[PDB]
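Novice: generate coordinates for the sequence data below:
(chains A, B and C)
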Amino acid sequence: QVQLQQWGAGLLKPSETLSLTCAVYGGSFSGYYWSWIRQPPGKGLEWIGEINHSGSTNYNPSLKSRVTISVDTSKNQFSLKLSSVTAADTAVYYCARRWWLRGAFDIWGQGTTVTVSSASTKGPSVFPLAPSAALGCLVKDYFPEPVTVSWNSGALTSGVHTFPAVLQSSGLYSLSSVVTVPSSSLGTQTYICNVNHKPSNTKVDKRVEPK
Amino acid sequence: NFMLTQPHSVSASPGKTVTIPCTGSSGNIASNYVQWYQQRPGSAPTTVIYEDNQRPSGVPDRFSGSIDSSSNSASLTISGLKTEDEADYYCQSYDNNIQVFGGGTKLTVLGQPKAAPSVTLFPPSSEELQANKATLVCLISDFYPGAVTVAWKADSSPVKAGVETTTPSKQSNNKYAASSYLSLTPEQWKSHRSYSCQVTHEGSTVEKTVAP
Amino acid sequence: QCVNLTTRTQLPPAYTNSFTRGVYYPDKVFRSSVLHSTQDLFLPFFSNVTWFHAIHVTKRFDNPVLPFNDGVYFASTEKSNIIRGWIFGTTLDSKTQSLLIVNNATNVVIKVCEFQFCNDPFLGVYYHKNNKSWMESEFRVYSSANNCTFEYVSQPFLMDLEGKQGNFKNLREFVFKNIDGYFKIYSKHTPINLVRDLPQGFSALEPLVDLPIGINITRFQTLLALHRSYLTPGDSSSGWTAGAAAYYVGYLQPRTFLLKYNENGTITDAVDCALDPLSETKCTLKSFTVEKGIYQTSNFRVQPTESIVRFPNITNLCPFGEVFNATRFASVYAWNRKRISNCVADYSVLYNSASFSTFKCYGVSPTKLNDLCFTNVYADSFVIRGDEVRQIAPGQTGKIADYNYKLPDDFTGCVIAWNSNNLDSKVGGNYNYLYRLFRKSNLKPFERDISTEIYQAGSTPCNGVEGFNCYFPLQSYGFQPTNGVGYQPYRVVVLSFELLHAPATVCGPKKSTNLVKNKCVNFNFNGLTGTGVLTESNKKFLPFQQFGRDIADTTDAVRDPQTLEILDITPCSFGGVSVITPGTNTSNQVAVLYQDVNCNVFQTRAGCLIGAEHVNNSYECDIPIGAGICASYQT
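Specialist: Numbering: from 1, shown residues only, chains lettered A, B, ... in the order given. Coordinates below:
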């Protein structure tokens, strides 16, 4: 029955202000509790604050200092402002209804992603990971995703892996690849990482070798 | 103030039955209603228990809530596990003009055989030592379920600085993989006369090691 | 295997009037010299239908994916037969099966497959002067095909591989319709020598095939052969050419049609019944001609616009403030009870109060009790330690539950509590609060026990004065203000609800809407429920009377619960529509009468006549309308 549709500015940079709106179809603001909840990437839910029935507001003490929540009944719409943003405000944000003060989160908005990032397009540093013959390539501090890798210009695919990219404390990514061969095969041909980073049009076929 | 805690992961084979605990702390969980939400990845959560025992309309009677003030705990039992039960589960309650949530438990239904992590660790890049840094990498692979956590050492002692790490995600053969990186300087690499990376996974524990 | 087509200059699609086109034989039944009525998916008459182009002048060609809706009417005026067939399905992307038709001079290939259809599906057709023929160089329709389940080849169609020119000498037209996993097709071909567009005249499509495909269809796309002529570079930057074809799309929808079958068993004319009032008249009489007269043809009827519900003022609120905001609470061993009856309980002021530390209910959810009713409610109240609030619930145990206040295991009330050390704590403690530490046995549910005599602890039979094994049964709480929270006082209230055979007297408040007048509305006045037009009244009920009835014993007036005003109820239960005709031999224009409704148009005694001019000049009656009024066909 009742629908919540939400929208706002999904991409920000540090010390700006975040702003979302959520709007209700098939229902009315007056009788119910309306609330904002966020979920950091791969983390537990955090409740931000709420409007009660008849439109007074209550906020989580940990965000009280820099949050504001407000309604316009003439649009069936309510909104969240969160000031002074930092990387930690990166999350998915949901609006939700509750029937009464201690009751369930009854229905949910579709959720919207927010990324707070200082970063802008920048090519990789590319490196050996010396054999220990599993042997590897480190692609360190590059942005944005994606990036592409192969070994020995495609001449080698034996025991390859390509781990998920870490979004680092720099706001840049890092990626690793490993290739795996018998203990005889230490540096025995053109051991290189064919790193191609099309967000900066870049390509390098950088060295990997035995210590 | 008041906190709900949950186990990070739970798993059992399909057709079997599991309990997810949700433990109150710094106050008494029995004092207000408890809800359980299921979130299936990439979507908004949904309720499965909406007061301590009450099950919403359309929710399978496989789902069953409970509470006891003697353990200061709630718990959710799912009986007759199925492929579609694999999700995150969060308990939640009102406290003191605050809604509190548990950390959430991942439930997996145990389709594959068990698999311990194959682990790999490398020396820092020679060319990065030349570039005045030392990012060692600890790489974790082929585990099942997707549940590892990672613990770096420099020398033999645990190290918390310079560590940066992925969530575990599904590799091509439907096992799980993760990676962790320990960023230091070349002097710090030369200072730490070994490097190690313990991995713990569904009670099993594993290691991988390198040194200057 | 897949490629792209250049993103282009274009103009929006046009529209044209379908006229009579798009009728087809519904059934495999011979019927001769007869008029038959049927309800089916048809293209309704005179519909605007989308007109699409495929022209290299620039570069406007128009084969998007289109909806299938209930079914498609398609038409082409002929060129190089640039349309090669069509693809139908849902996801189109191998992962759902889709139907491919391709209509080649080698073979009419019909295939259902997991086709991976392209960013731009087409046949790359090149003039192979290598071997003095046009040919398809490239099946640029799909990347892969899998799990096909069905294939058929029909006989090579009236459509060709070469860069030919039908030059609109022929109109080819089709209906595509999917029902119950049977994909029907119908078609007709027809010589035309108009310049362009759909012609006026009637024709019926015959059945062409039925395919028992079973698959999901939602969308379709027209497939084109694109001229990689030898003047083109042979790439997809510009190595192609569109030609100059045209095609049309309309949609079927549920309609009743009347079909004229001639002696030869062929459909020869039709009426879309829902089109206009004369079409409804012909469809009612089951005839293509209508004699001069007036014909009752349909019923008009108005529908309610809103629902109003309306109940007496909320006034007699239950005494909860006297219980919860009370100055002195009881000791738990001697707990107070108050009994609540004959009032409106608004539990909302309790259940969404932030003040309470504990609030929960058993057998009842707060989401329901504001719309529930009871014989009585009891509020029991007392003071206990913060630890002991645990024990005020079903099935609990220890000194408070067992020696002071026991709830039933099947209890249906609510327990509410809050911390206080302001009303009820001070230095040295407030010792005025007590509990039974000892008893011979546990209490039964809602028992109380004020009995104050020395508890003999088994051994040493004790002559009514305290000593070893012989203890006074009550203890007093040490309610210091600096106690830890488990030892702070908490005031408690337990609300126990009940139902007996006596009528209910405690109930949740009833919401009222605004009161609206002079619209047909659904309504509920204090339980009296109905539908009609509400208006003010001259009636005068006696002070106790609530609603009026007519001589037929049906409700015709009502009193408003919140203002005591009298309202007349009038039914919006109208009827009758009639069509007035000069005879179809004379003319196709008509007038219509609505049998009794407040509205050229012209109100009359016999309802509002629409679509004919009222004139003051009297004549003898041509066609009788109502109450000395007639209608006629005149200059």
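Novice: now residue C:166: which helix or strand?
Specialist: Applying DSSP states H and E as the criterion places residue C:166 outside every helix and strand.
Novice: so what's the residue count around it?
Specialist: 20 (other CB atoms under 10 Å in any protein chain shown). (C-beta placed from N, C-alpha, C; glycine too.)
Novice: next, the contact list for it, please.
Specialist: C:77, C:78, C:79, C:80, C:81 (CB atoms under 8 Å, 6 or more residues apart in numbering or on different chains).
Novice: in chain C, which residue sits nearest chain B?
Specialist: Distances between chain C and chain B by CB to the nearest CB are smallest at residue C:358, namely 4.5 Å.
Novice: residue C:415 versus that residue, what's the distance?
Specialist: 6 Å (CB to CB, to the nearest Å).
Novice: who has more neighbours, those two?
Specialist: A direct count of neighbours by other CB under 10 Å for residue C:358 and residue C:415 places residue C:415 higher, at 23 against 20.
Novice: dump the residue contacts of the more buried one.
Specialist: Residue C:415 touches C:358, C:359, C:360, C:361, C:362, C:392, C:393, C:492, C:493, C:494, C:495, counting by CB under 8 Å, 6+ apart.
Novice: for chain B, identify the residue most remote from the centre.
Specialist: Distance from the C-alpha centroid of chain B, by CA atoms, centre = their mean, peaks at residue B:130 (36.9 Å).
Novice: and for chain C?
Specialist: Outermost residue of chain C (CA atoms, centre = their mean): residue C:463, 80.0 Å.
Novice: which of the contacts of residue C:166 sit farthest apart?
Specialist: Of all pairs drawn from the contacts of residue C:166, the one with the longest distance (CB to CB) is C:77 and C:80, at 12.2 Å.
Novice: common neighbours of these two, please.
Specialist: Listed as contacting both residue C:77 and residue C:80 by CB under 8 Å, 6+ apart are C:166, C:245.
Novice: ok, and which of the contacts of residue C:415 reach chain A?
Specialist: The subset of the contacts of residue C:415 within reach of chain A, by CB under 8 Å from any CB of the partner chain, is residue C:359.
Novice: can you redo the contacts of residue C:415 as CSV with secondary structure and distance to residue B:3?
Specialist: Shown next, in CSV, are those (DSSP: H, G, I helix; E, B strand; the rest coil; distance: CB to CB, whole Å):
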residue, secondary structure, distance to residue B:3
C:358, strand, 18
C:359, strand, 20
C:360, strand, 20
C:361, strand, 25
C:362, coil, 26
C:392, coil, 24
C:393, coil, 22
C:492, strand, 25
C:493, strand, 28
C:494, strand, 29
C:495, strand, 30
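Novice: closest one of the contacts of residue C:415 to residue C:255?
Specialist: The nearest member of the contacts of residue C:415 to residue C:255, counting by CB to CB, is residue C:361 at 56.4 Å.
Novice: now do the contacts for the closest one.
Specialist: By CB under 8 Å, 6+ apart, the neighbours of residue C:361 are C:369, C:413, C:414, C:415.
Novice: just the closest of those to residue C:530, please.
Specialist: residue C:369 (29.2 Å).
Novice: spatially nearest residue to the residue in chain B that chain C sits nearest to (excluding sequence neighbours)?
Specialist: In chain B, the residue that lies nearest chain C is residue B:31 (4.5 Å; CB to the nearest CB). Excluding the flanking residues, the one nearest residue B:31 by CB to CB, 6 or more residues apart in numbering or on different chains is residue C:358, at 4.5 Å.
Novice: please verify my assumption that the one you found contacts residue B:32.
Specialist: Yes - counting by CB atoms under 8 Å, residue C:358 touches residue B:32, with 6.9 Å between them.
Novice: okay then, goodbye and thanks.
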